Amino acid sequence: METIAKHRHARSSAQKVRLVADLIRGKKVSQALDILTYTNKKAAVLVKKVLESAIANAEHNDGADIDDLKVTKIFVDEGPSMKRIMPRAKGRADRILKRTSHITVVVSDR
Amino acid sequence: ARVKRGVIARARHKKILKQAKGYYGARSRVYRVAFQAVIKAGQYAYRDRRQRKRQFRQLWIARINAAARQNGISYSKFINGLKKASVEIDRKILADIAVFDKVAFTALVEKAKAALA
Amino acid sequence: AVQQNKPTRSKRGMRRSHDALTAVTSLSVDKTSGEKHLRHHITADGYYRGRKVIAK
Amino acid sequence: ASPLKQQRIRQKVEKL
Amino acid sequence: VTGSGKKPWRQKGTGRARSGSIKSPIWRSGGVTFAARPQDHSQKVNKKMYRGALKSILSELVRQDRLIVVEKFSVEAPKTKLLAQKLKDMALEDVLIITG
Amino acid sequence: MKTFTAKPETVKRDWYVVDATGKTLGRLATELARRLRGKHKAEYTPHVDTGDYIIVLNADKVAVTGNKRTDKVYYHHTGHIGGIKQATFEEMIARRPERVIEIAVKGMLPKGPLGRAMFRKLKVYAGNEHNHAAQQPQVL
RNA sequence: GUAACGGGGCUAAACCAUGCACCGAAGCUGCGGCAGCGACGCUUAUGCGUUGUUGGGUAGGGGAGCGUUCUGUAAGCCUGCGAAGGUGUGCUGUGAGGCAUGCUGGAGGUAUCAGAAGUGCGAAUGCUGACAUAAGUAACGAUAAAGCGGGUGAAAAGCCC
RNA sequence: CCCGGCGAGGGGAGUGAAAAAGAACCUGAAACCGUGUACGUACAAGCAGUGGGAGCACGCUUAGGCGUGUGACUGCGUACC
Ligand SMILES: [Mg+2]
Ligand SMILES: [Mg+2]
Ligand SMILES: [Mg+2]
Ligand SMILES: [Mg+2]
Ligand SMILES: [Mg+2]
Ligand SMILES: [Mg+2]
Ligand SMILES: [Mg+2]
Ligand SMILES: [Mg+2]
Ligand SMILES: [Mg+2]
Ligand SMILES: [Mg+2]
Ligand SMILES: [Mg+2]
Ligand SMILES: [Mg+2]
Ligand SMILES: [Mg+2]
Ligand SMILES: [Mg+2]
Ligand SMILES: [Mg+2]
Ligand SMILES: [Mg+2]
């Protein structure tokens, strides 16, 4: 492949991280860090190790170098809704989903 | 002995489920379309098709009017001339000629106009 | 205090319309390689003139 | 060392 | 089934419809609405019919069977190693075939 | 092969001009609108698109039926409640021949798109020549 | 909110009388086909060419079918040159259907006519599990709140002094 | 062996018929949620389909007005049980 580097669960929602990794896409690879390392919150750090991966992973599987690359595809898919139960008052329902999300990010070239 | 009705499953459903002119939502997503969307079309097509032969009928005879009444005398008197003329008289859709071969039509107008007692 | 039909996917994002974060517009500092927050100076060691914390 | 190959180096050996 | 105990939810209340009996056919684990017992199936033909118009093999499988020779006696007590021997006495092979 | 008459996406337009002044009132609207759809027009099956420019003039002269002139009223309604409704005379509205009295025409046609900007193709003015400011570009 | 022509508008685009023209429904007609049913020709179980004709339809009556599982059929037949289940597409019948086929699948499938019914689902505030949505919203459980410095640590407001 | 925090998890490499078989593991449908691309869409009224039907995107016929996603615009037109 043109080097990949997924996560797997990691725990933190679909929409929550579909956010962050929208800034990444198009340009990037060098811009990888800069625009994560600053842009705040949590979702946007569980990308800044799947990018350091998807780079060393292009210095192994792929012989490509740390300045090229592109980041031609990212998407966050819906990981298993990790379920449990909450109290409340009387009890009724506490669906409470601890929701999760796989990561996959891919860098290649022009 | 068994049935595991689960094999005629989607075989029954995909069957119609394949009705995705978009439609929209479960109107081609789920079984809201059930029939309540396809059984729909599935009737709309019945009439609102059957309807066309009067929907292209009135059509022509608007043009047909505009033509002869643009040469003098309109789709009312017009047809009268035409009809009073046995082997000499055909009927619309081709009385659309007034749009690809005027003079032809414009000539018909004559023959109609003159037949007029 | 409840709806009656289901707020379709279509509308799913017609709130979501606005969010899709925006990121940066950063600059460097005369002394780090290309770091610098938008207001704090050299991350690279930490300073602006000199002895900000522990430097050179 | 090009400021990303640097962000590397400086750390890949703040390991060794 | 393990139909043990009656009624789960009350009748009225909570909404979720008129609930009654863990074994309910409609439900999930027991209750097969109908079904049945062992039961005979087995029919009953008269005599006039069984004994009725049987064989016709000479009539339709006409060209196929109505043969008659002898019972096969050199047929030595217990052996089949070559029952293919006498099964050349029709040479009409495994062809389903039987006797009496 | 199969008939019907095509109508490109239009592909034809015009440049006519008509006075109004002559006390013809409303009856004018008709071929002022059919000719805005396609009467005289015996080609270009409408129903989908079509068109045909016109430019009326002055308008502040059209005798109007009989008594109508004094009485006919219009009613706008702003819907900003406060209990609206705005009765207004022909007499009083002919004190401003804009969108109206000449836009007793936007009501003689399709409405909705098509019939929408199928009527802006009218153009009004209230004094023919002298301030027929419109495109001089060739009329009839 | 005009709001007692549906409207735009009509002094005819209203009314009386009179008359020709035309628009107009699945009605009728024309034409290609379907089925049920009396006749003509022909062949000739028959059908088929034609032909008179009939087919709005809830309760319900009656009559043909479609396919699912199992059964002999059968140690027959497909099948690792890929069966079943998924997934695209194509052709075909009034239909329930079917046949062919790409792809994925990794052993199984079952013509033909016969037989047995755990024979077909959207509804039952139906059982079950999976997933939506309000929604990244209300909420983090006592208004006895804290602040700084150091340590270890991937990271400290929350642990250690 | 590589990224990682001596984690999760993942990328190479090995195995092997196959790892699209990786242990949450056979086939892997549905509801539901993402990423790619094409048409449509910011003067526009309603069970959202129907009849038209332009235009674009696309494959086409040594024209012959074609297949496909699309569907501006315009005749009807208030799901089922
Ligand atoms: Mg008709
Ligand atoms: Mg009891
Ligand atoms: Mg049981
Ligand atoms: Mg006996
Ligand atoms: Mg019937
Ligand atoms: Mg019935
Ligand atoms: Mg099976
Ligand atoms: Mg169901
Ligand atoms: Mg309820
Ligand atoms: Mg339920
Ligand atoms: Mg809210
Ligand atoms: Mg709020
Ligand atoms: Mg708390
Ligand atoms: Mg699998
Ligand atoms: Mg527009
Ligand atoms: Mg069409």
# chains A, B, ... in the order shown; residues from 1 in each chain; ligands from 1
>>> residues_near_ligand(ligand="ligand 7", cutoff="9 Å", atoms="only C-alpha atoms (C1' of nucleotides) and all ligand atoms", output="PDB file with N, CA, C and O atoms (P, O5', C5', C4', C3', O3' and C1' of nucleotides), in the first residue's frame")
ATOM      1  N   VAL B   7     -34.671 -16.796   3.857  1.00  0.00           N
ATOM      2  CA  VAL B   7     -34.051 -17.023   2.581  1.00  0.00           C
ATOM      3  C   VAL B   7     -34.908 -16.373   1.512  1.00  0.00           C
ATOM      4  O   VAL B   7     -34.386 -15.740   0.599  1.00  0.00           O
TER       5      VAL B   7
ATOM      6  P     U G  69     -35.236 -24.467   0.817  1.00  0.00           P
ATOM      7  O5'   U G  69     -35.766 -25.440   1.953  1.00  0.00           O
ATOM      8  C5'   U G  69     -35.579 -25.129   3.320  1.00  0.00           C
ATOM      9  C4'   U G  69     -35.912 -26.378   4.111  1.00  0.00           C
ATOM     10  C3'   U G  69     -35.863 -27.639   3.253  1.00  0.00           C
ATOM     11  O3'   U G  69     -34.507 -28.074   2.962  1.00  0.00           O
ATOM     12  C1'   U G  69     -37.870 -27.592   4.375  1.00  0.00           C
ATOM     13  P     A G  84     -25.431 -22.953  -5.514  1.00  0.00           P
ATOM     14  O5'   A G  84     -25.699 -22.795  -3.946  1.00  0.00           O
ATOM     15  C5'   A G  84     -26.551 -23.700  -3.263  1.00  0.00           C
ATOM     16  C4'   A G  84     -26.513 -23.405  -1.781  1.00  0.00           C
ATOM     17  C3'   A G  84     -26.652 -21.943  -1.465  1.00  0.00           C
ATOM     18  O3'   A G  84     -28.021 -21.705  -1.394  1.00  0.00           O
ATOM     19  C1'   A G  84     -24.936 -22.918  -0.146  1.00  0.00           C
ATOM     20  P     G G  85     -28.541 -20.365  -2.054  1.00  0.00           P
ATOM     21  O5'   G G  85     -28.008 -19.275  -1.009  1.00  0.00           O
ATOM     22  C5'   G G  85     -28.431 -19.377   0.342  1.00  0.00           C
ATOM     23  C4'   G G  85     -27.667 -18.468   1.292  1.00  0.00           C
ATOM     24  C3'   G G  85     -27.407 -17.050   0.796  1.00  0.00           C
ATOM     25  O3'   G G  85     -28.557 -16.219   1.053  1.00  0.00           O
ATOM     26  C1'   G G  85     -25.424 -18.003   1.660  1.00  0.00           C
ATOM     27  P     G G 109     -26.477 -29.334   1.585  1.00  0.00           P
ATOM     28  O5'   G G 109     -26.969 -29.035   0.094  1.00  0.00           O
ATOM     29  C5'   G G 109     -26.984 -27.692  -0.301  1.00  0.00           C
ATOM     30  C4'   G G 109     -27.070 -27.568  -1.797  1.00  0.00           C
ATOM     31  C3'   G G 109     -28.250 -28.287  -2.406  1.00  0.00           C
ATOM     32  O3'   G G 109     -29.398 -27.510  -2.200  1.00  0.00           O
ATOM     33  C1'   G G 109     -26.339 -28.561  -3.738  1.00  0.00           C
TER      34        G G 109
END
>>> residues_around(residues="residue 77 (chain A)", least_positions_apart="6", cutoff="8 Å", atoms="only C-alpha atoms (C1' of nucleotides)", output="list in words")
residues 14, 101, 102 and 103 of chain A; 33 and 34 of chain H
>>> write_last_selection(atoms="N, CA, C and O atoms (P, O5', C5', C4', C3', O3' and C1' of nucleotides)", output="PDB file, in the first residue's frame")
ATOM      1  N   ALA A  14     -17.366   9.252  16.930  1.00  0.00           N
ATOM      2  CA  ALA A  14     -17.289   9.494  15.504  1.00  0.00           C
ATOM      3  C   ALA A  14     -17.166  10.973  15.202  1.00  0.00           C
ATOM      4  O   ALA A  14     -16.130  11.437  14.729  1.00  0.00           O
ATOM      5  N   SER A 101     -14.282   4.515  17.825  1.00  0.00           N
ATOM      6  CA  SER A 101     -13.878   5.009  16.511  1.00  0.00           C
ATOM      7  C   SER A 101     -12.480   4.579  16.034  1.00  0.00           C
ATOM      8  O   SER A 101     -11.476   4.870  16.692  1.00  0.00           O
ATOM      9  N   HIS A 102     -12.429   3.900  14.883  1.00  0.00           N
ATOM     10  CA  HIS A 102     -11.169   3.519  14.237  1.00  0.00           C
ATOM     11  C   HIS A 102     -10.666   4.689  13.423  1.00  0.00           C
ATOM     12  O   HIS A 102     -11.448   5.557  13.044  1.00  0.00           O
ATOM     13  N   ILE A 103      -9.378   4.692  13.103  1.00  0.00           N
ATOM     14  CA  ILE A 103      -8.749   5.928  12.626  1.00  0.00           C
ATOM     15  C   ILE A 103      -8.208   6.012  11.173  1.00  0.00           C
ATOM     16  O   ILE A 103      -8.493   6.984  10.470  1.00  0.00           O
TER      17      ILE A 103
ATOM     18  P     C H  33     -27.604   7.551   9.421  1.00  0.00           P
ATOM     19  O5'   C H  33     -26.064   7.322   9.742  1.00  0.00           O
ATOM     20  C5'   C H  33     -25.626   7.722  11.017  1.00  0.00           C
ATOM     21  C4'   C H  33     -24.124   7.675  11.102  1.00  0.00           C
ATOM     22  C3'   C H  33     -23.398   8.411   9.988  1.00  0.00           C
ATOM     23  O3'   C H  33     -23.304   9.822  10.241  1.00  0.00           O
ATOM     24  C1'   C H  33     -22.421   6.257  10.341  1.00  0.00           C
ATOM     25  P     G H  34     -22.532  10.791   9.212  1.00  0.00           P
ATOM     26  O5'   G H  34     -21.362   9.870   8.650  1.00  0.00           O
ATOM     27  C5'   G H  34     -20.583  10.270   7.563  1.00  0.00           C
ATOM     28  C4'   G H  34     -19.115   9.996   7.845  1.00  0.00           C
ATOM     29  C3'   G H  34     -18.194  10.143   6.632  1.00  0.00           C
ATOM     30  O3'   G H  34     -17.609  11.439   6.658  1.00  0.00           O
ATOM     31  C1'   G H  34     -18.052   7.992   7.463  1.00  0.00           C
TER      32        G H  34
END
>>> residues_near_ligand(ligand="ligand 16", cutoff="12 Å", atoms="only C-alpha atoms (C1' of nucleotides) and all ligand atoms", output="PyMOL selection string")
(chain B and resi 21+45+49) or (chain H and resi 50-53+70-71)
>>> write_last_selection(atoms="N, CA, C and O atoms (P, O5', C5', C4', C3', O3' and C1' of nucleotides)", output="PDB file, in the first residue's frame")
ATOM      1  N   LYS B  21     -35.040   5.914  -7.394  1.00  0.00           N
ATOM      2  CA  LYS B  21     -34.905   7.131  -8.216  1.00  0.00           C
ATOM      3  C   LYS B  21     -34.625   8.264  -7.236  1.00  0.00           C
ATOM      4  O   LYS B  21     -35.190   9.364  -7.303  1.00  0.00           O
ATOM      5  N   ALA B  45     -48.013   6.146 -12.190  1.00  0.00           N
ATOM      6  CA  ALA B  45     -47.663   5.797 -13.557  1.00  0.00           C
ATOM      7  C   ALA B  45     -48.895   5.314 -14.324  1.00  0.00           C
ATOM      8  O   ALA B  45     -48.967   5.464 -15.546  1.00  0.00           O
ATOM      9  N   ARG B  49     -49.777   8.485 -16.547  1.00  0.00           N
ATOM     10  CA  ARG B  49     -49.344   8.092 -17.887  1.00  0.00           C
ATOM     11  C   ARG B  49     -50.573   8.102 -18.798  1.00  0.00           C
ATOM     12  O   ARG B  49     -50.694   8.956 -19.673  1.00  0.00           O
TER      13      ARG B  49
ATOM     14  P     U H  50     -41.453   8.205 -10.055  1.00  0.00           P
ATOM     15  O5'   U H  50     -42.735   8.672 -10.895  1.00  0.00           O
ATOM     16  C5'   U H  50     -43.925   7.900 -10.850  1.00  0.00           C
ATOM     17  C4'   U H  50     -45.131   8.482 -11.582  1.00  0.00           C
ATOM     18  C3'   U H  50     -44.927   8.980 -12.999  1.00  0.00           C
ATOM     19  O3'   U H  50     -44.888   7.907 -13.948  1.00  0.00           O
ATOM     20  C1'   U H  50     -46.089  10.601 -11.836  1.00  0.00           C
ATOM     21  P     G H  51     -43.940   7.999 -15.266  1.00  0.00           P
ATOM     22  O5'   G H  51     -44.528   9.290 -16.021  1.00  0.00           O
ATOM     23  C5'   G H  51     -45.866   9.249 -16.545  1.00  0.00           C
ATOM     24  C4'   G H  51     -46.101  10.372 -17.534  1.00  0.00           C
ATOM     25  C3'   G H  51     -44.837  10.904 -18.184  1.00  0.00           C
ATOM     26  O3'   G H  51     -44.480  10.135 -19.323  1.00  0.00           O
ATOM     27  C1'   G H  51     -46.166  12.699 -17.432  1.00  0.00           C
ATOM     28  P     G H  52     -43.015  10.278 -19.928  1.00  0.00           P
ATOM     29  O5'   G H  52     -42.695  11.818 -19.841  1.00  0.00           O
ATOM     30  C5'   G H  52     -42.468  12.423 -21.078  1.00  0.00           C
ATOM     31  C4'   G H  52     -43.108  13.789 -21.124  1.00  0.00           C
ATOM     32  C3'   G H  52     -42.217  14.915 -21.615  1.00  0.00           C
ATOM     33  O3'   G H  52     -42.169  14.902 -23.049  1.00  0.00           O
ATOM     34  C1'   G H  52     -43.350  15.560 -19.666  1.00  0.00           C
ATOM     35  P     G H  53     -41.058  14.054 -23.824  1.00  0.00           P
ATOM     36  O5'   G H  53     -39.736  14.740 -23.257  1.00  0.00           O
ATOM     37  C5'   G H  53     -39.630  16.125 -23.512  1.00  0.00           C
ATOM     38  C4'   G H  53     -39.135  16.922 -22.320  1.00  0.00           C
ATOM     39  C3'   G H  53     -37.647  16.810 -22.072  1.00  0.00           C
ATOM     40  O3'   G H  53     -37.000  17.689 -22.965  1.00  0.00           O
ATOM     41  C1'   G H  53     -38.883  16.956 -20.053  1.00  0.00           C
ATOM     42  P     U H  70     -30.535   9.119 -10.646  1.00  0.00           P
ATOM     43  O5'   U H  70     -29.887  10.502 -11.120  1.00  0.00           O
ATOM     44  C5'   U H  70     -28.764  11.100 -10.433  1.00  0.00           C
ATOM     45  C4'   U H  70     -28.471  12.519 -10.909  1.00  0.00           C
ATOM     46  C3'   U H  70     -29.729  13.379 -10.882  1.00  0.00           C
ATOM     47  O3'   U H  70     -29.841  14.012  -9.580  1.00  0.00           O
ATOM     48  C1'   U H  70     -28.656  13.532 -13.017  1.00  0.00           C
ATOM     49  P     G H  71     -31.250  14.144  -8.807  1.00  0.00           P
ATOM     50  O5'   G H  71     -31.909  15.160  -9.863  1.00  0.00           O
ATOM     51  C5'   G H  71     -31.281  16.412 -10.162  1.00  0.00           C
ATOM     52  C4'   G H  71     -31.847  16.932 -11.460  1.00  0.00           C
ATOM     53  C3'   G H  71     -33.346  17.238 -11.393  1.00  0.00           C
ATOM     54  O3'   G H  71     -33.666  18.571 -11.736  1.00  0.00           O
ATOM     55  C1'   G H  71     -32.838  15.992 -13.265  1.00  0.00           C
TER      56        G H  71
END
>>> residues_near_ligand(ligand="ligand 11", cutoff="12 Å", atoms="only C-alpha atoms (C1' of nucleotides) and all ligand atoms", output="ChimeraX atom specification")
/C:1-3,15 /G:134-138
>>> write_last_selection(atoms="N, CA and C atoms (P, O5', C5', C4', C3', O3' and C1' of nucleotides)", output="PDB file, in the first residue's frame")
ATOM      1  N   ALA C   1     -42.329  19.411  25.172  1.00  0.00           N
ATOM      2  CA  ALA C   1     -40.876  19.426  25.066  1.00  0.00           C
ATOM      3  C   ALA C   1     -40.350  18.204  24.336  1.00  0.00           C
ATOM      4  N   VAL C   2     -41.013  17.823  23.244  1.00  0.00           N
ATOM      5  CA  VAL C   2     -40.570  16.702  22.407  1.00  0.00           C
ATOM      6  C   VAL C   2     -41.043  16.846  20.969  1.00  0.00           C
ATOM      7  N   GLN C   3     -40.267  16.329  20.014  1.00  0.00           N
ATOM      8  CA  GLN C   3     -40.687  16.344  18.616  1.00  0.00           C
ATOM      9  C   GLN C   3     -41.723  15.269  18.343  1.00  0.00           C
ATOM     10  N   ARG C  15     -27.693  21.572  11.340  1.00  0.00           N
ATOM     11  CA  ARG C  15     -27.183  22.279  12.513  1.00  0.00           C
ATOM     12  C   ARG C  15     -25.694  22.223  12.309  1.00  0.00           C
TER      13      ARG C  15
ATOM     14  P     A G 134     -30.766  14.687  16.178  1.00  0.00           P
ATOM     15  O5'   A G 134     -31.661  15.073  17.439  1.00  0.00           O
ATOM     16  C5'   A G 134     -31.403  16.198  18.241  1.00  0.00           C
ATOM     17  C4'   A G 134     -32.649  16.415  19.077  1.00  0.00           C
ATOM     18  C3'   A G 134     -32.416  16.640  20.563  1.00  0.00           C
ATOM     19  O3'   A G 134     -32.678  17.992  20.903  1.00  0.00           O
ATOM     20  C1'   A G 134     -33.532  14.579  20.218  1.00  0.00           C
ATOM     21  P     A G 135     -31.427  18.930  21.169  1.00  0.00           P
ATOM     22  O5'   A G 135     -30.243  18.032  20.557  1.00  0.00           O
ATOM     23  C5'   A G 135     -29.086  18.562  19.883  1.00  0.00           C
ATOM     24  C4'   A G 135     -27.871  17.615  19.838  1.00  0.00           C
ATOM     25  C3'   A G 135     -27.632  16.721  18.602  1.00  0.00           C
ATOM     26  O3'   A G 135     -26.294  16.886  18.071  1.00  0.00           O
ATOM     27  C1'   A G 135     -27.510  15.425  20.591  1.00  0.00           C
ATOM     28  P     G G 136     -25.831  18.145  17.197  1.00  0.00           P
ATOM     29  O5'   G G 136     -25.000  18.961  18.298  1.00  0.00           O
ATOM     30  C5'   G G 136     -23.665  18.580  18.598  1.00  0.00           C
ATOM     31  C4'   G G 136     -23.534  17.892  19.939  1.00  0.00           C
ATOM     32  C3'   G G 136     -22.668  18.604  20.966  1.00  0.00           C
ATOM     33  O3'   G G 136     -23.432  18.784  22.104  1.00  0.00           O
ATOM     34  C1'   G G 136     -22.276  16.316  21.012  1.00  0.00           C
ATOM     35  P     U G 137     -22.956  19.914  23.122  1.00  0.00           P
ATOM     36  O5'   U G 137     -24.331  20.319  23.846  1.00  0.00           O
ATOM     37  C5'   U G 137     -25.266  21.113  23.164  1.00  0.00           C
ATOM     38  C4'   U G 137     -26.646  20.843  23.707  1.00  0.00           C
ATOM     39  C3'   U G 137     -26.726  20.814  25.219  1.00  0.00           C
ATOM     40  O3'   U G 137     -27.245  22.042  25.659  1.00  0.00           O
ATOM     41  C1'   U G 137     -27.877  18.963  24.218  1.00  0.00           C
ATOM     42  P     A G 138     -26.793  22.640  27.064  1.00  0.00           P
ATOM     43  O5'   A G 138     -27.486  21.713  28.180  1.00  0.00           O
ATOM     44  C5'   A G 138     -28.889  21.790  28.431  1.00  0.00           C
ATOM     45  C4'   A G 138     -29.354  20.896  29.575  1.00  0.00           C
ATOM     46  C3'   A G 138     -28.390  20.695  30.737  1.00  0.00           C
ATOM     47  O3'   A G 138     -28.314  21.844  31.593  1.00  0.00           O
ATOM     48  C1'   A G 138     -29.329  18.616  30.151  1.00  0.00           C
TER      49        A G 138
END
>>> interface_residues(of="chain G", to="chain E", cutoff="7 Å", atoms="only C-alpha atoms (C1' of nucleotides)", output="list in words")
residues 118, 125, 126, 127 and 128 of chain G
>>> residues_near_ligand(ligand="ligand 6", cutoff="9 Å", atoms="only C-alpha atoms (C1' of nucleotides) and all ligand atoms", output="PDB file with N, CA and C atoms (P, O5', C5', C4', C3', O3' and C1' of nucleotides), in the first residue's frame")
ATOM      1  P     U G  58     -62.920  -6.912  -3.992  1.00  0.00           P
ATOM      2  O5'   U G  58     -63.422  -6.242  -2.631  1.00  0.00           O
ATOM      3  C5'   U G  58     -62.484  -5.862  -1.615  1.00  0.00           C
ATOM      4  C4'   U G  58     -63.137  -5.432  -0.308  1.00  0.00           C
ATOM      5  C3'   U G  58     -63.837  -6.531   0.475  1.00  0.00           C
ATOM      6  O3'   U G  58     -62.907  -7.191   1.308  1.00  0.00           O
ATOM      7  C1'   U G  58     -65.235  -4.687   0.327  1.00  0.00           C
ATOM      8  P     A G  59     -62.939  -8.785   1.430  1.00  0.00           P
ATOM      9  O5'   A G  59     -64.339  -9.046   2.197  1.00  0.00           O
ATOM     10  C5'   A G  59     -64.699  -8.309   3.383  1.00  0.00           C
ATOM     11  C4'   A G  59     -65.776  -8.987   4.222  1.00  0.00           C
ATOM     12  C3'   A G  59     -65.964 -10.474   3.944  1.00  0.00           C
ATOM     13  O3'   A G  59     -65.184 -11.188   4.853  1.00  0.00           O
ATOM     14  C1'   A G  59     -67.989  -9.398   3.689  1.00  0.00           C
ATOM     15  P     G G  60     -63.957 -11.979   4.241  1.00  0.00           P
ATOM     16  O5'   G G  60     -64.751 -13.115   3.446  1.00  0.00           O
ATOM     17  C5'   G G  60     -65.658 -13.941   4.167  1.00  0.00           C
ATOM     18  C4'   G G  60     -66.764 -14.490   3.281  1.00  0.00           C
ATOM     19  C3'   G G  60     -66.301 -15.485   2.235  1.00  0.00           C
ATOM     20  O3'   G G  60     -66.317 -16.748   2.775  1.00  0.00           O
ATOM     21  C1'   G G  60     -67.579 -13.848   1.196  1.00  0.00           C
ATOM     22  P     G G  61     -65.438 -17.787   1.997  1.00  0.00           P
ATOM     23  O5'   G G  61     -66.201 -17.958   0.606  1.00  0.00           O
ATOM     24  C5'   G G  61     -67.488 -18.558   0.608  1.00  0.00           C
ATOM     25  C4'   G G  61     -67.979 -19.031  -0.764  1.00  0.00           C
ATOM     26  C3'   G G  61     -66.979 -19.769  -1.662  1.00  0.00           C
ATOM     27  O3'   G G  61     -66.849 -21.156  -1.283  1.00  0.00           O
ATOM     28  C1'   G G  61     -68.122 -18.148  -2.890  1.00  0.00           C
TER      29        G G  61
END
>>> residues_around(residues="region 110-115 of chain B", least_positions_apart="3", cutoff="6 Å", atoms="only C-alpha atoms (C1' of nucleotides)", output="ChimeraX atom specification")
/B:81-82,107
>>> write_last_selection(atoms="N, CA and C atoms", output="compact mmCIF listing (two decimals), in the first residue's frame")
# COMPACT_ATOMS: atom_id res chain seq x y z
N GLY B 81 -63.48 23.65 -41.67
CA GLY B 81 -63.11 23.54 -43.06
C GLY B 81 -62.54 22.17 -43.36
N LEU B 82 -61.49 21.82 -42.62
CA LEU B 82 -60.80 20.54 -42.77
C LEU B 82 -61.76 19.35 -42.81
N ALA B 107 -50.26 26.04 -46.28
CA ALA B 107 -51.02 25.58 -47.43
C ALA B 107 -52.29 24.85 -46.98
>>> interface_residues(of="chain F", to="chain B", cutoff="6 Å", atoms="only C-alpha atoms", output="PyMOL selection string")
chain F and resi 39-43
>>> interface_residues(of="chain C", to="chain A", cutoff="8 Å", atoms="only C-alpha atoms", output="VMD selection string")
chain C and resid 20 to 24 37
>>> write_last_selection(atoms="C-alpha atoms", output="PDB file, in the first residue's frame")
ATOM      1  CA  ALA C  20     -15.844  22.155  11.027  1.00  0.00           C
ATOM      2  CA  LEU C  21     -13.067  23.796  13.032  1.00  0.00           C
ATOM      3  CA  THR C  22     -10.518  26.304  11.738  1.00  0.00           C
ATOM      4  CA  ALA C  23      -6.907  25.849  12.719  1.00  0.00           C
ATOM      5  CA  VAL C  24      -4.145  28.427  12.736  1.00  0.00           C
ATOM      6  CA  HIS C  37       2.752  29.922  19.657  1.00  0.00           C
TER       7      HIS C  37
END
>>> residues_around(residues="residue 25 (chain G)", least_positions_apart="3", cutoff="12 Å", atoms="only C-alpha atoms (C1' of nucleotides)", output="PyMOL selection string")
(chain B and resi 51+54) or (chain G and resi 28)
>>> write_last_selection(atoms="C-alpha atoms (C1' of nucleotides)", output="PDB file, in the first residue's frame")
ATOM      1  CA  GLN B  51     -53.335  10.894 -18.928  1.00  0.00           C
ATOM      2  CA  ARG B  54     -54.888  14.164 -23.483  1.00  0.00           C
TER       3      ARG B  54
ATOM      4  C1'   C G  28     -67.871   5.130 -27.846  1.00  0.00           C
TER       5        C G  28
END
>>> select_by_dssp(residues="chain B", states="helix (DSSP H, G or I)", output="PyMOL selection string")
chain B and resi 9-17+25-27+38-50+52-55+57-68+75-83+97-99+102-115
>>> residues_near_ligand(ligand="ligand 1", cutoff="10 Å", atoms="only C-alpha atoms (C1' of nucleotides) and all ligand atoms", output="MDAnalysis selection string")
(chainID B and resid 50:55 57:58) or (chainID G and resid 24:26)
>>> interface_residues(of="chain A", to="chain G", cutoff="10 Å", atoms="only C-alpha atoms (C1' of nucleotides)", output="PyMOL selection string")
chain A and resi 13+15-16+81
>>> write_last_selection(atoms="N, CA, C and O atoms", output="PDB file, in the first residue's frame")
ATOM      1  N   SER A  13     -15.677   8.558  20.096  1.00  0.00           N
ATOM      2  CA  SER A  13     -16.696   9.059  19.197  1.00  0.00           C
ATOM      3  C   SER A  13     -16.327   9.296  17.755  1.00  0.00           C
ATOM      4  O   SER A  13     -15.182   9.565  17.416  1.00  0.00           O
ATOM      5  N   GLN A  15     -18.233  11.721  15.453  1.00  0.00           N
ATOM      6  CA  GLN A  15     -18.213  13.132  15.104  1.00  0.00           C
ATOM      7  C   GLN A  15     -17.068  13.865  15.800  1.00  0.00           C
ATOM      8  O   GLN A  15     -16.441  14.728  15.205  1.00  0.00           O
ATOM      9  N   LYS A  16     -16.772  13.495  17.044  1.00  0.00           N
ATOM     10  CA  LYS A  16     -15.784  14.230  17.853  1.00  0.00           C
ATOM     11  C   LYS A  16     -14.416  14.360  17.178  1.00  0.00           C
ATOM     12  O   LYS A  16     -13.735  15.382  17.320  1.00  0.00           O
ATOM     13  N   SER A  81     -20.021   0.617  19.753  1.00  0.00           N
ATOM     14  CA  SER A  81     -20.643   1.414  20.798  1.00  0.00           C
ATOM     15  C   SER A  81     -20.454   0.705  22.128  1.00  0.00           C
ATOM     16  O   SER A  81     -21.229  -0.191  22.463  1.00  0.00           O
TER      17      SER A  81
END
>>> residues_near_ligand(ligand="ligand 15", cutoff="12 Å", atoms="only C-alpha atoms (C1' of nucleotides) and all ligand atoms", output="PDB file with C-alpha atoms (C1' of nucleotides), in the first residue's frame")
ATOM      1  CA  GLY F 112     -44.322  29.850  -9.541  1.00  0.00           C
ATOM      2  CA  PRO F 113     -41.001  29.842 -11.417  1.00  0.00           C
ATOM      3  CA  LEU F 114     -41.242  30.160 -15.183  1.00  0.00           C
ATOM      4  CA  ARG F 116     -42.217  33.762 -12.155  1.00  0.00           C
ATOM      5  CA  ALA F 117     -39.526  35.595 -14.107  1.00  0.00           C
TER       6      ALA F 117
ATOM      7  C1'   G H  40     -28.965  18.423  -8.875  1.00  0.00           C
ATOM      8  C1'   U H  41     -29.242  22.875  -5.120  1.00  0.00           C
ATOM      9  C1'   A H  42     -28.956  29.303  -1.898  1.00  0.00           C
ATOM     10  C1'   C H  43     -36.982  33.929  -5.376  1.00  0.00           C
ATOM     11  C1'   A H  44     -38.238  28.925  -3.242  1.00  0.00           C
ATOM     12  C1'   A H  72     -33.907  23.063 -14.172  1.00  0.00           C
ATOM     13  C1'   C H  73     -38.293  23.740 -15.398  1.00  0.00           C
TER      14        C H  73
END
